[PDB]
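Peer 1: first chunk of the complex, coordinates as they sit in the assembly:
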Amino acid sequence: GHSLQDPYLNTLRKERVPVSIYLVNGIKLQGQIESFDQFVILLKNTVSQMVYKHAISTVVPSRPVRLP
Amino acid sequence: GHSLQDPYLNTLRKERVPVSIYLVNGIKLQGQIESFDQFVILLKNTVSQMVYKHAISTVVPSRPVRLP
Amino acid sequence: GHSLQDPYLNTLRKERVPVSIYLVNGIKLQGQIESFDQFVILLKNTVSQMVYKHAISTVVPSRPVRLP
Amino acid sequence: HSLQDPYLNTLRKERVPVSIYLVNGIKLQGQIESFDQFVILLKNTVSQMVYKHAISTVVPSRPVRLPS
Amino acid sequence: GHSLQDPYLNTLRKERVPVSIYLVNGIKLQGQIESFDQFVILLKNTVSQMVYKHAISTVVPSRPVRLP
């Protein structure tokens, strides 16, 4: 399920970790995860934007992180 | 669920906030959200059009949105 | 849910409005919506072709259209 | 699938020559030999299985009776 | 519903038929169907690699195959 995606995203959110989100088309977004639900992530940095999960390849934290 | 996506689109809709919508294929659409449902967004501006969510990567508001 | 997509496509259909349908790969199709269901749209012209909704980015009517 | 199935079944049973445009822009030609919910067997020189998720459009070479 | 895909893939597996698998991105994989489930295919050659179906456009056997 999301039995893993969620605590991971939530850990990045809670602790305000800088991340790169890579999109399926190769576009790289940077920021902190402000919030998220089942389908979108709200990314904040130089401009705030709502990102669709279905368009995301990877989420890469800038530092190692406690895992579920 | 859609606990985040929906109040976010509704606030954009209600406050007529100009948005940029970036499609998975890199095309940028521009305008205001007239309405939406689970699967599509109705975008009005110089050009009015129905946009399938599955083709959307990000929604970038022209100014930040305060959620309820 | 479908509260917008259905009445929007049904209106375009009943009114025989010429539409531009942009595919996810950038290609543009033009014609009239002959019919549609959950997964496909039948686009009328020289022949009526079947278009999977999953392959569509946007539907753009040639003229402004209301949905009373 | 109230439209897709009778439409593909007409194409199959009348052995109508078709074009299948894929989401990446590749164009396949042949005839529909069989299909189910997820795949179409496209028949020709070499026959092949096409995933509907990779199809953008299905374009018959001639007009065909339309499901009503 | 799966009355084509399963028996097609299973015939290709049982008979160890050389196949080409084309991905939506243009990549051409070659080998033989080792096993498959609802979502992935195990494609044997130098190692058995897991191919996600959603990434596949077509499956093309190296020779014709009689179905059950």
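Peer 2: Ah, there it is. Residues are numbered from 1 along each chain as shown, chains lettered A, B, ... in the order given.
Peer 1: residues contacting the residue nearest to residue A:8 when sequence neighbours are not counted?
Peer 2: Excluding the flanking residues, the one nearest residue A:8 by CB to CB, 6 or more residues apart in numbering or on different chains is residue A:68, at 6.1 Å. To be clear about C-beta, it is placed using only N, CA and C from the backbone, and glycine gets the same treatment. The contact partners of residue A:68, by CB atoms under 8 Å, 6 or more residues apart in numbering or on different chains, come to A:3-4, A:7-8, A:11.
Peer 1: and those, which of them are buried?
Peer 2: A:8, A:11 (16 or more other CB atoms under 10 Å in any protein chain shown).
Peer 1: between the contacts of residue A:68, which is closest to residue E:31?
Peer 2: Closest approach between those and residue E:31, by CB to CB: residue A:4, at 30.7 Å.
Peer 1: buried set for stretch A:8-18?
Peer 2: A:8-9, A:11-13.
Peer 1: returning to what we had before: now name the helix or strand holding the residue nearest to residue A:8.
Peer 2: Here residue A:68 is covered by no helix or strand, with elements defined by DSSP states H and E.
Peer 1: could you do residue A:19 as well?
Peer 2: Going by DSSP H and E, residue A:19 is in strand A:18-23.
Peer 1: let's add chain F too:
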Amino acid sequence: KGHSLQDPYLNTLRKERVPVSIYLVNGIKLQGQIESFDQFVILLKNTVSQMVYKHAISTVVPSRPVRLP
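Peer 2: Chain F now in position relative to the chains above:
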């Protein structure tokens, strides 16, 4: 057959810690070890553990063959 192949296959690569290559839909090649996975994502370990959406993966390729249970 549901996930009767994908789960044990990924589980094998996880438990045996076999290095894999994960190719993305856009051609990009990621490399590391499968730390864990759920229905939707795979955690890929190297410098940091990045999260890979399955919907963006075309293939997972083990650096060396392995066997299913």
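Peer 1: repeat for the contacts of residue A:68, accounting for chain F.
Peer 2: Each residue near residue A:68 by CB under 8 Å, 6+ apart is listed here: A:3-4, A:7-8, A:11, F:36.
Peer 1: likewise residue A:4?
Peer 2: Shown in contact with residue A:4 (CB under 8 Å, 6+ apart): A:68, F:36-38, F:41, F:43.
Peer 1: ok now the helix or strand following the strand holding residue A:19, how far from the chain's centre?
Peer 2: Sequence-wise, the next helix or strand downstream of strand A:18-23 (DSSP H and E) is strand A:28-36. In terms of CA atoms, centre = their mean, to the nearest Å, the centre of strand A:28-36 is set 5 Å apart from its chain centre.
Peer 1: touching chain B at all, strand A:28-36?
Peer 2: Yes - interface with chain B: strand A:28-36 contributes A:29, A:35-36 (CB under 8 Å from any CB of the partner chain).
Peer 1: one more: stretch A:15-22?
Peer 2: No - Stretch A:15-22 lies out of reach of chain B by CB under 8 Å from any CB, never closer than 9.5 Å.
Peer 1: pull that stretch out as CSV, backbone CA atoms only.
Peer 2: Provided in CSV are the C-alpha atoms of stretch A:15-22 (Å, rounded to 0.1, in the frame of the first residue of the first chain):
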residue,chain,number,x,y,z
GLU,A,15,12.0,17.5,9.5
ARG,A,16,11.9,20.0,6.6
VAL,A,17,14.5,18.1,4.5
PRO,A,18,15.6,19.6,1.2
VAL,A,19,14.7,17.3,-1.7
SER,A,20,15.0,17.0,-5.4
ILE,A,21,11.9,15.6,-7.1
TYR,A,22,12.7,14.2,-10.5
